[PDB]
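Student: Quick one, query-v1.txt (compact mmCIF, C-alpha atoms):
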```
# COMPACT_ATOMS: atom_id res chain seq x y z
CA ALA T 1 -43.44 5.40 36.01
CA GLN T 2 -44.02 1.66 35.59
CA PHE T 3 -44.19 2.07 31.80
CA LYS T 4 -41.35 4.06 30.23
CA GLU T 5 -41.02 5.10 26.60
CA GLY T 6 -38.26 3.22 24.84
CA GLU T 7 -38.67 0.26 27.21
CA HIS T 8 -42.30 -0.83 27.44
CA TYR T 9 -43.61 0.97 24.34
CA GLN T 10 -42.31 2.86 21.31
CA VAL T 11 -43.83 6.05 19.88
CA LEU T 12 -44.61 5.76 16.15
CA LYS T 13 -44.24 8.58 13.63
CA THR T 14 -48.01 8.81 13.06
CA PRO T 15 -50.90 11.10 14.12
CA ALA T 16 -52.54 9.84 17.32
CA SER T 17 -56.11 8.58 17.01
CA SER T 18 -58.93 11.01 17.72
CA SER T 19 -60.54 8.15 19.64
CA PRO T 20 -59.34 5.17 21.82
CA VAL T 21 -58.55 2.13 19.63
CA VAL T 22 -56.38 -0.99 20.01
CA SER T 23 -55.16 -2.36 16.69
CA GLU T 24 -53.59 -5.74 16.02
CA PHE T 25 -51.65 -6.44 12.80
CA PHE T 26 -51.40 -10.13 12.02
CA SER T 27 -51.67 -12.65 9.21
CA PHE T 28 -53.42 -15.99 9.13
CA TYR T 29 -50.12 -17.42 7.85
CA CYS T 30 -48.36 -16.19 11.00
CA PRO T 31 -47.77 -18.99 13.59
CA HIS T 32 -47.35 -16.90 16.76
CA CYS T 33 -50.38 -14.83 15.66
CA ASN T 34 -52.26 -18.09 16.07
CA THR T 35 -50.73 -18.67 19.50
CA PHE T 36 -51.58 -15.05 20.33
CA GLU T 37 -55.35 -15.50 19.85
CA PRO T 38 -56.30 -16.53 23.41
CA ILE T 39 -54.43 -13.47 24.72
CA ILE T 40 -56.27 -11.28 22.22
CA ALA T 41 -59.61 -12.71 23.40
CA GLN T 42 -58.96 -11.80 27.04
CA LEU T 43 -57.56 -8.35 26.23
CA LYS T 44 -60.78 -7.35 24.41
CA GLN T 45 -63.06 -8.35 27.27
CA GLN T 46 -60.60 -6.59 29.63
CA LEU T 47 -60.78 -3.34 27.62
CA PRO T 48 -62.26 -0.22 29.29
CA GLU T 49 -65.67 0.93 27.99
CA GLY T 50 -65.50 3.16 24.95
CA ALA T 51 -62.39 1.63 23.36
CA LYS T 52 -62.60 -0.33 20.09
CA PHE T 53 -60.50 -3.31 19.06
CA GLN T 54 -59.50 -3.51 15.41
CA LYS T 55 -57.72 -6.41 13.70
CA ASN T 56 -55.72 -5.65 10.55
CA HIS T 57 -54.68 -8.44 8.22
CA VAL T 58 -51.36 -7.88 6.39
CA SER T 59 -50.71 -9.19 2.88
CA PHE T 60 -46.96 -9.85 2.83
CA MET T 61 -47.07 -13.48 3.97
CA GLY T 62 -48.43 -16.35 1.87
CA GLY T 63 -46.93 -15.28 -1.43
CA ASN T 64 -49.55 -14.70 -4.11
CA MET T 65 -52.30 -15.70 -1.68
CA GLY T 66 -51.43 -12.92 0.76
CA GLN T 67 -53.68 -10.29 -0.77
CA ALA T 68 -56.49 -12.84 -1.17
CA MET T 69 -56.11 -13.91 2.45
CA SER T 70 -56.53 -10.26 3.49
CA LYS T 71 -59.72 -10.00 1.44
CA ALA T 72 -60.97 -13.18 3.08
CA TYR T 73 -60.45 -11.58 6.48
CA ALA T 74 -62.12 -8.36 5.32
CA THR T 75 -64.96 -10.63 4.07
CA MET T 76 -65.37 -12.09 7.57
CA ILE T 77 -66.04 -8.61 9.01
CA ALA T 78 -68.45 -7.77 6.17
CA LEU T 79 -70.42 -11.00 6.73
CA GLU T 80 -70.10 -10.74 10.54
CA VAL T 81 -69.02 -14.38 10.52
CA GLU T 82 -65.77 -13.41 12.22
CA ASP T 83 -66.28 -15.34 15.46
CA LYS T 84 -66.50 -18.74 13.71
CA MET T 85 -64.33 -18.14 10.65
CA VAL T 86 -61.21 -16.74 12.33
CA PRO T 87 -60.46 -19.95 14.31
CA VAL T 88 -61.49 -22.09 11.31
CA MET T 89 -58.94 -20.30 9.15
CA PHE T 90 -56.11 -20.38 11.70
CA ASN T 91 -56.89 -24.10 12.13
CA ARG T 92 -56.94 -25.15 8.46
CA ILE T 93 -53.57 -23.56 7.78
CA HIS T 94 -51.71 -24.48 10.98
CA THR T 95 -53.23 -27.54 12.69
CA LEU T 96 -54.53 -29.19 9.48
CA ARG T 97 -51.46 -27.87 7.64
CA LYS T 98 -53.64 -27.66 4.49
CA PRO T 99 -53.23 -24.07 3.04
CA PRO T 100 -55.64 -22.87 0.34
CA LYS T 101 -53.69 -23.22 -2.92
CA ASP T 102 -55.89 -20.68 -4.69
CA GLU T 103 -58.97 -18.41 -4.61
CA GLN T 104 -61.42 -21.21 -5.35
CA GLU T 105 -59.99 -23.30 -2.50
CA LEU T 106 -60.11 -20.30 -0.15
CA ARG T 107 -63.77 -19.76 -1.15
CA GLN T 108 -64.48 -23.43 -0.45
CA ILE T 109 -63.29 -23.00 3.16
CA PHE T 110 -66.20 -20.61 3.69
CA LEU T 111 -68.69 -22.72 1.75
CA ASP T 112 -67.82 -25.71 3.90
CA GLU T 113 -68.84 -23.74 6.96
CA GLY T 114 -72.35 -22.93 5.84
CA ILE T 115 -71.71 -19.42 4.52
CA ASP T 116 -73.93 -18.95 1.44
CA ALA T 117 -72.03 -18.74 -1.87
CA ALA T 118 -74.00 -15.77 -3.20
CA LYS T 119 -73.32 -13.86 0.06
CA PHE T 120 -69.59 -14.63 -0.05
CA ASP T 121 -69.18 -13.79 -3.75
CA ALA T 122 -70.93 -10.44 -3.34
CA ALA T 123 -68.80 -9.33 -0.37
CA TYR T 124 -65.47 -10.92 -1.40
CA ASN T 125 -65.52 -8.96 -4.67
CA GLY T 126 -67.33 -5.94 -3.18
CA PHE T 127 -66.33 -2.32 -2.60
CA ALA T 128 -66.48 -2.56 1.22
CA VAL T 129 -63.99 -5.42 1.31
CA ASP T 130 -61.77 -3.64 -1.23
CA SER T 131 -61.82 -0.41 0.81
CA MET T 132 -60.97 -2.37 3.96
CA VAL T 133 -57.98 -4.26 2.56
CA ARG T 134 -56.49 -1.04 1.20
CA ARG T 135 -56.93 0.44 4.65
CA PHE T 136 -55.19 -2.62 6.19
CA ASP T 137 -52.14 -2.19 3.93
CA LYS T 138 -51.94 1.62 4.21
CA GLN T 139 -52.01 1.48 8.02
CA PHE T 140 -49.21 -1.09 8.07
CA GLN T 141 -47.00 0.93 5.67
CA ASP T 142 -47.62 4.25 7.49
CA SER T 143 -46.81 2.81 10.92
CA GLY T 144 -43.45 1.65 9.58
CA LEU T 145 -43.87 -1.74 11.29
CA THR T 146 -41.48 -4.58 10.43
CA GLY T 147 -43.51 -7.67 11.34
CA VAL T 148 -46.50 -9.39 12.93
CA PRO T 149 -48.00 -9.79 15.44
CA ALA T 150 -47.99 -6.08 16.29
CA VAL T 151 -50.35 -4.31 18.73
CA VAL T 152 -50.59 -0.51 18.36
CA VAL T 153 -52.51 1.64 20.83
CA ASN T 154 -54.16 4.88 19.67
CA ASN T 155 -52.39 4.75 16.33
CA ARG T 156 -48.97 5.70 17.57
CA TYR T 157 -48.08 3.46 20.49
CA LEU T 158 -46.32 0.28 19.44
CA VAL T 159 -46.61 -2.11 22.36
CA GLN T 160 -43.08 -3.53 22.75
CA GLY T 161 -44.65 -6.20 24.97
CA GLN T 162 -41.52 -8.39 25.04
CA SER T 163 -40.95 -7.02 28.58
CA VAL T 164 -44.32 -7.65 30.31
CA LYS T 165 -44.45 -10.03 33.30
CA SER T 166 -47.79 -11.88 33.28
CA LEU T 167 -50.87 -11.43 31.06
CA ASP T 168 -52.09 -9.27 33.95
CA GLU T 169 -49.23 -6.80 33.50
CA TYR T 170 -49.75 -6.81 29.74
CA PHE T 171 -53.37 -5.65 30.10
CA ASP T 172 -52.24 -3.00 32.56
CA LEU T 173 -49.81 -1.67 29.93
CA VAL T 174 -52.34 -1.56 27.10
CA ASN T 175 -54.97 -0.03 29.43
CA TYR T 176 -52.30 2.45 30.49
CA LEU T 177 -51.48 3.44 26.90
CA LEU T 178 -55.15 3.92 25.96
CA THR T 179 -55.36 6.95 28.29
CA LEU T 180 -52.20 8.58 26.89
CA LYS T 181 -52.74 10.77 23.81
CA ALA M 1 -26.54 -27.59 26.48
CA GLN M 2 -26.08 -23.81 26.56
CA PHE M 3 -28.26 -23.43 23.45
CA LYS M 4 -31.60 -25.25 23.55
CA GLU M 5 -34.12 -25.56 20.74
CA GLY M 6 -37.25 -23.56 21.44
CA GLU M 7 -35.29 -21.12 23.61
CA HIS M 8 -32.19 -19.85 21.82
CA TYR M 9 -33.15 -20.88 18.27
CA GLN M 10 -36.14 -22.20 16.34
CA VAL M 11 -36.02 -24.93 13.67
CA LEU M 12 -37.63 -23.83 10.38
CA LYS M 13 -39.64 -26.10 8.09
CA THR M 14 -37.00 -25.95 5.33
CA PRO M 15 -34.23 -28.20 3.94
CA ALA M 16 -30.91 -27.51 5.67
CA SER M 17 -28.18 -25.97 3.53
CA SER M 18 -25.68 -28.29 1.88
CA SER M 19 -23.04 -25.78 2.97
CA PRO M 20 -22.47 -23.39 5.98
CA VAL M 21 -24.21 -20.03 5.38
CA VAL M 22 -25.48 -17.21 7.62
CA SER M 23 -28.36 -15.28 6.08
CA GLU M 24 -29.78 -11.95 7.19
CA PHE M 25 -33.22 -10.75 6.02
CA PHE M 26 -33.63 -7.00 6.32
CA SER M 27 -34.94 -3.96 4.50
CA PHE M 28 -33.37 -0.56 4.06
CA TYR M 29 -36.66 0.87 5.36
CA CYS M 30 -36.25 -1.09 8.59
CA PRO M 31 -34.96 1.08 11.52
CA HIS M 32 -33.52 -1.63 13.79
CA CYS M 33 -31.92 -3.23 10.69
CA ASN M 34 -29.96 0.01 10.53
CA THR M 35 -29.06 -0.23 14.21
CA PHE M 36 -28.13 -3.87 13.61
CA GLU M 37 -25.40 -3.08 11.06
CA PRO M 38 -22.42 -2.72 13.43
CA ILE M 39 -23.33 -6.11 14.95
CA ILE M 40 -23.53 -7.62 11.47
CA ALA M 41 -20.07 -6.23 10.66
CA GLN M 42 -18.45 -7.89 13.67
CA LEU M 43 -20.29 -11.20 13.19
CA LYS M 44 -18.89 -11.59 9.64
CA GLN M 45 -15.29 -11.03 10.67
CA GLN M 46 -15.93 -13.40 13.62
CA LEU M 47 -17.23 -16.15 11.30
CA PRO M 48 -15.27 -19.44 11.06
CA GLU M 49 -13.43 -20.06 7.77
CA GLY M 50 -15.55 -21.63 5.07
CA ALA M 51 -18.88 -20.03 6.04
CA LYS M 52 -20.55 -17.44 3.79
CA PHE M 53 -22.63 -14.47 4.86
CA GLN M 54 -25.62 -13.60 2.70
CA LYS M 55 -27.86 -10.55 3.04
CA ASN M 56 -31.40 -10.78 1.66
CA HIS M 57 -33.45 -7.66 1.06
CA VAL M 58 -37.22 -8.07 1.55
CA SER M 59 -39.77 -6.12 -0.50
CA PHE M 60 -42.73 -5.72 1.85
CA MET M 61 -41.70 -2.40 3.40
CA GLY M 62 -41.69 0.92 1.55
CA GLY M 63 -44.95 0.44 -0.31
CA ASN M 64 -44.53 0.60 -4.07
CA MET M 65 -40.81 1.28 -3.66
CA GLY M 66 -40.22 -2.00 -1.81
CA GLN M 67 -39.53 -4.10 -4.89
CA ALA M 68 -37.37 -1.34 -6.38
CA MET M 69 -35.41 -1.05 -3.14
CA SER M 70 -34.70 -4.80 -3.33
CA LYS M 71 -33.43 -4.42 -6.89
CA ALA M 72 -31.23 -1.56 -5.73
CA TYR M 73 -29.69 -3.84 -3.12
CA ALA M 74 -29.29 -6.64 -5.67
CA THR M 75 -27.64 -3.97 -7.89
CA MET M 76 -25.09 -3.23 -5.15
CA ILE M 77 -23.93 -6.87 -5.15
CA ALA M 78 -23.79 -6.94 -8.96
CA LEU M 79 -21.67 -3.77 -9.07
CA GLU M 80 -19.64 -4.82 -5.99
CA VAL M 81 -20.26 -1.33 -4.62
CA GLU M 82 -21.88 -2.85 -1.54
CA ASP M 83 -19.39 -1.59 1.04
CA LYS M 84 -20.03 2.10 0.25
CA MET M 85 -23.65 1.99 -0.93
CA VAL M 86 -25.20 0.07 1.97
CA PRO M 87 -24.38 2.75 4.61
CA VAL M 88 -25.22 5.52 2.10
CA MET M 89 -28.68 4.03 1.61
CA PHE M 90 -29.38 3.40 5.30
CA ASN M 91 -28.24 6.99 5.92
CA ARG M 92 -30.35 8.77 3.27
CA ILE M 93 -33.54 7.12 4.46
CA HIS M 94 -33.03 7.25 8.24
CA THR M 95 -30.58 10.00 9.26
CA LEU M 96 -31.36 12.34 6.33
CA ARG M 97 -35.01 11.21 6.50
CA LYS M 98 -35.20 11.79 2.71
CA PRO M 99 -36.64 8.56 1.12
CA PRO M 100 -36.44 8.10 -2.67
CA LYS M 101 -39.93 8.97 -3.93
CA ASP M 102 -39.43 6.99 -7.14
CA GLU M 103 -37.10 4.98 -9.39
CA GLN M 104 -35.40 8.03 -10.88
CA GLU M 105 -34.67 9.40 -7.40
CA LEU M 106 -33.36 5.99 -6.26
CA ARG M 107 -31.11 5.92 -9.35
CA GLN M 108 -29.86 9.42 -8.50
CA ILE M 109 -28.66 8.19 -5.09
CA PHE M 110 -26.19 5.94 -6.92
CA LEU M 111 -25.24 8.57 -9.49
CA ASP M 112 -24.43 10.99 -6.70
CA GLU M 113 -21.90 8.52 -5.35
CA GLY M 114 -19.85 8.20 -8.50
CA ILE M 115 -21.40 4.99 -9.84
CA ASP M 116 -21.53 5.31 -13.66
CA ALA M 117 -25.05 5.64 -15.10
CA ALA M 118 -24.49 3.15 -17.92
CA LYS M 119 -23.19 0.58 -15.38
CA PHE M 120 -26.17 1.09 -13.06
CA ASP M 121 -28.79 1.00 -15.83
CA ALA M 122 -27.39 -2.24 -17.25
CA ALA M 123 -27.36 -4.07 -13.90
CA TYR M 124 -30.51 -2.54 -12.36
CA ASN M 125 -32.59 -3.79 -15.31
CA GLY M 126 -30.46 -6.92 -15.86
CA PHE M 127 -31.15 -10.64 -15.55
CA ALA M 128 -28.71 -11.17 -12.64
CA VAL M 129 -30.43 -8.57 -10.50
CA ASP M 130 -33.85 -9.94 -11.47
CA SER M 131 -32.81 -13.50 -10.58
CA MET M 132 -31.44 -12.29 -7.25
CA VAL M 133 -34.53 -10.36 -6.14
CA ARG M 134 -36.76 -13.34 -6.94
CA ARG M 135 -34.42 -15.46 -4.84
CA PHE M 136 -34.66 -12.90 -1.99
CA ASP M 137 -38.48 -13.07 -1.97
CA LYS M 138 -38.74 -16.87 -2.41
CA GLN M 139 -36.37 -17.49 0.52
CA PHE M 140 -38.39 -15.19 2.76
CA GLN M 141 -41.73 -16.83 1.84
CA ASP M 142 -40.37 -20.40 2.19
CA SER M 143 -38.84 -19.74 5.62
CA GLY M 144 -42.23 -18.57 6.85
CA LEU M 145 -40.64 -15.58 8.60
CA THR M 146 -42.86 -12.79 9.96
CA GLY M 147 -40.48 -9.82 10.06
CA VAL M 148 -37.03 -8.26 9.83
CA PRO M 149 -34.29 -8.27 10.94
CA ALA M 150 -34.05 -12.07 10.85
CA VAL M 151 -30.82 -14.13 10.95
CA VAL M 152 -31.12 -17.74 9.75
CA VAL M 153 -28.24 -20.22 10.06
CA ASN M 154 -27.86 -23.03 7.51
CA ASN M 155 -31.28 -22.35 6.03
CA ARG M 156 -33.31 -23.76 8.86
CA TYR M 157 -32.09 -22.22 12.10
CA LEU M 158 -33.91 -19.03 13.00
CA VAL M 159 -31.75 -17.26 15.55
CA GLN M 160 -34.22 -16.20 18.27
CA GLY M 161 -31.45 -13.94 19.58
CA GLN M 162 -33.74 -12.03 21.97
CA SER M 163 -32.14 -14.12 24.77
CA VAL M 164 -28.38 -13.63 24.19
CA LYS M 165 -26.31 -11.90 26.90
CA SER M 166 -23.54 -9.85 25.25
CA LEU M 167 -22.47 -9.64 21.58
CA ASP M 168 -19.90 -12.24 22.63
CA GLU M 169 -22.62 -14.76 23.52
CA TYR M 170 -24.47 -13.96 20.30
CA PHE M 171 -21.46 -14.91 18.16
CA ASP M 172 -21.06 -18.07 20.21
CA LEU M 173 -24.67 -19.01 19.37
CA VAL M 174 -24.38 -18.37 15.63
CA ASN M 175 -20.99 -20.15 15.53
CA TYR M 176 -22.63 -22.98 17.46
CA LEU M 177 -25.53 -23.27 14.99
CA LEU M 178 -23.21 -23.30 11.95
CA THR M 179 -21.85 -26.72 13.00
CA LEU M 180 -25.31 -28.24 13.51
CA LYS M 181 -26.89 -29.72 10.36
```
In structure tokens, what does this structure look like?
Tutor:
Amino acid sequence: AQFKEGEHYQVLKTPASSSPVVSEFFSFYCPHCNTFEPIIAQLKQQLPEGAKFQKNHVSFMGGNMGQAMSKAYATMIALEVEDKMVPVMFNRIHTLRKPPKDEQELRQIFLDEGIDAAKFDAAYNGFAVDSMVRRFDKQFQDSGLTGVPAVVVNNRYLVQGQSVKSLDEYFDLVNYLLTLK
Amino acid sequence: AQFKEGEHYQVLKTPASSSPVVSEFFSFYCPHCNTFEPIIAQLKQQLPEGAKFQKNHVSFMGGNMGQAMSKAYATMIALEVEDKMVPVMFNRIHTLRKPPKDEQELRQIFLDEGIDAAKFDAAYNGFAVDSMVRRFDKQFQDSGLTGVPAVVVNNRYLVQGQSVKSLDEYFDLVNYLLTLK
């Protein structure tokens, strides 16, 4: 076939998902993950009905701000302010080259965007956010992945996309993997 | 030239080394890092006189055994039992598929190889090993790397080796970068 195991994708030692899902592991401190955003945007819209796209923030980059940065991401999902906050965060760290030195500074990034302080403080330190970050980390450890960005299809298909022709072929590969179980 | 920036190698945002050094970031839990060993072996012997090869173990893989696994590696350098212990460790985790579940089990791996318990316990919990692991982590964070394996030349040249022809061309690239400052 056009997509062969060991060439276009690698099978992970994990139980396949009981439902179609495309997962992306990244970190706001990851440069190419920032460059990868436009491609991620198109891939979602290009996804077949029924499939869900899930972003997972890893905590190994950024030193002692890694874990906090993961909570911030988890906070964006909880507050549904993901569409505006993701680019704002990728931008303040890469383009502006002004990384949040601590929790209070990280918090300020949200406050400067209009997100209410009481809303942020409740979610940032909440159970939902805590449960989500743990889930982010566990999934990364269990998949045995060694870096980011990483796009896994149905929980066991690591897209070794370094061989795709155009963005068109890339979507064809992901779409192809979604049907395989 | 044969090796262009942004194609064969990427310049890192870090101060160049005051002396020729080839660094490899890896993890014993990293599969390709295991496959990469033979290539690492040849590259060292192929290195020009005066250059030093330094392995750096990262702690982000292996969950709560990551940090311990880094100390174990640092322990191998301290006890100069690196030549025998590196392959033994890559082998017990990958080929034998029997990962050390805890510190005592990790310790046992050494004890089963003839390394004296008193010697291991002194170094494993020693200042030298502690100073080395910290150094491993700091270097990884400062380089802004997003995965392993990763080969950096003179502290600021990330070998984007995914474009080299044969192993011969790879060595030519590394050797080429060592002269650049």
Student: What are the residues of chain T that have an atom within 7 Å of an atom of chain M, counting all atoms listed in the file, as a PyMOL selection string?
Tutor: chain T and resi 30+60-63+141+146-148
Student: To one decimal in Å, tell me the separation between atom CA of residue M:177 and atom CA of residue M:41.
Tutor: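 Separating atom CA of residue M:177 from atom CA of residue M:41 is a distance of 18.4 Å.
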Student: Of the residues T:54, T:123, T:112, T:102, which is the one nearest to residue T:76, using all atoms listed in the file?
Tutor: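 Among the listed residues, T:123 lies closest to residue T:76.
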Student: How far is it from atom CA of residue M:21 to atom CA of residue M:155, in Å with one decimal?
Tutor: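 Interatomic distance, atom CA of residue M:21 to atom CA of residue M:155: 7.5 Å.
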Student: Point out the residue among M:75, M:18, M:28, M:34 with the least atom-to-atom distance to residue M:127, counting all atoms listed in the file.
Tutor: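 Between M:75, M:18, M:28, M:34, the residue approaching residue M:127 most closely is M:75.
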Student: Please report the interatomic distance between atom CA of residue M:157 and atom CA of residue M:1 in Å with one decimal.
Tutor: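 Computed distance, atom CA of residue M:157 to atom CA of residue M:1, equals 16.3 Å.
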Student: Give the answer as one residue: which of T:129, T:69, T:152, T:86 has the shortest atom-to-atom distance to residue T:101, using all atoms listed in the file?
Tutor: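 Using all atoms listed in the file, residue T:101 sits closest to T:69.
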Student: Within 10 Å of (-72.9, -13.3, 2.1), in the coordinates the file gives, what residues turn up when you count all atoms listed in the file, written out as an MDAnalysis selection string?
Tutor: chainID T and resid 75:76 78:81 115:124
Student: Which residues come within 10 Å of residue M:181, counting all atoms listed in the file, excluding same-chain residues fewer than 2 positions away, as number ranges by chain?
Tutor: M: 15-20, 153-157, 177-179
Student: Pull the neighbourhood of (-19.7, -17.3, 2.1) for me: all residues within 12 Å in file coordinates, counting all atoms listed in the file, as a ChimeraX atom specification.
Tutor: /M:19-23,44-45,47-55,154
Student: When you look at residue M:8 with a cut-off of 6 Å (counting all atoms listed in the file), what residues show up, excluding the ones that are within fewer than 4 positions of it in the same chain? I need them as a list in words.
Tutor: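 Once the nearby chain positions are removed, what remains is residues 3, 4 and 160 of chain M.
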Student: Complete stretch 37-52 of chain M with N, CA, C and O atoms (output as a short mmCIF file (atom, residue, chain, number, x, y, z; two decimals), in the frame of the given file).
Tutor:
```cif
data_model
loop_
_atom_site.label_atom_id
_atom_site.label_comp_id
_atom_site.auth_asym_id
_atom_site.auth_seq_id
_atom_site.Cartn_x
_atom_site.Cartn_y
_atom_site.Cartn_z
N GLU M 37 -26.58 -3.04 11.91
CA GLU M 37 -25.40 -3.08 11.06
C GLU M 37 -24.04 -3.31 11.72
O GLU M 37 -23.25 -4.12 11.23
N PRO M 38 -23.71 -2.53 12.77
CA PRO M 38 -22.42 -2.72 13.43
C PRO M 38 -22.25 -4.17 13.91
O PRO M 38 -21.17 -4.74 13.80
N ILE M 39 -23.32 -4.73 14.46
CA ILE M 39 -23.33 -6.11 14.95
C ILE M 39 -23.11 -7.09 13.80
O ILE M 39 -22.48 -8.14 13.98
N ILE M 40 -23.68 -6.77 12.65
CA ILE M 40 -23.53 -7.62 11.47
C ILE M 40 -22.06 -7.60 11.01
O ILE M 40 -21.50 -8.64 10.64
N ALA M 41 -21.46 -6.42 11.06
CA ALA M 41 -20.07 -6.23 10.66
C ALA M 41 -19.10 -7.08 11.47
O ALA M 41 -18.14 -7.63 10.92
N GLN M 42 -19.30 -7.12 12.78
CA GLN M 42 -18.45 -7.89 13.67
C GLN M 42 -18.67 -9.39 13.49
O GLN M 42 -17.72 -10.17 13.49
N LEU M 43 -19.93 -9.79 13.37
CA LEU M 43 -20.29 -11.20 13.19
C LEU M 43 -19.63 -11.84 11.96
O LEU M 43 -19.29 -13.03 12.00
N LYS M 44 -19.52 -11.09 10.87
CA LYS M 44 -18.89 -11.59 9.64
C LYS M 44 -17.42 -11.88 9.87
O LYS M 44 -16.93 -12.96 9.50
N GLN M 45 -16.70 -10.89 10.38
CA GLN M 45 -15.29 -11.03 10.67
C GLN M 45 -15.06 -12.16 11.69
O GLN M 45 -14.03 -12.84 11.66
N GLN M 46 -16.01 -12.35 12.60
CA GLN M 46 -15.93 -13.40 13.62
C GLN M 46 -16.33 -14.79 13.11
O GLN M 46 -16.20 -15.78 13.84
N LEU M 47 -16.82 -14.88 11.88
CA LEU M 47 -17.23 -16.15 11.30
C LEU M 47 -16.06 -17.11 11.05
O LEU M 47 -14.96 -16.68 10.68
N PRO M 48 -16.29 -18.41 11.27
CA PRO M 48 -15.27 -19.44 11.06
C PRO M 48 -15.03 -19.61 9.56
O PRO M 48 -15.98 -19.53 8.78
N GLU M 49 -13.78 -19.86 9.18
CA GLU M 49 -13.43 -20.06 7.77
C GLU M 49 -14.31 -21.08 7.06
O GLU M 49 -14.55 -22.19 7.58
N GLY M 50 -14.71 -20.74 5.84
CA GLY M 50 -15.55 -21.63 5.07
C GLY M 50 -17.00 -21.22 4.99
O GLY M 50 -17.69 -21.61 4.05
N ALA M 51 -17.48 -20.49 6.00
CA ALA M 51 -18.88 -20.03 6.04
C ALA M 51 -19.08 -18.74 5.23
O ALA M 51 -18.22 -17.86 5.20
N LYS M 52 -20.24 -18.62 4.59
CA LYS M 52 -20.55 -17.44 3.79
C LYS M 52 -21.68 -16.64 4.41
O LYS M 52 -22.61 -17.21 5.00
#
```
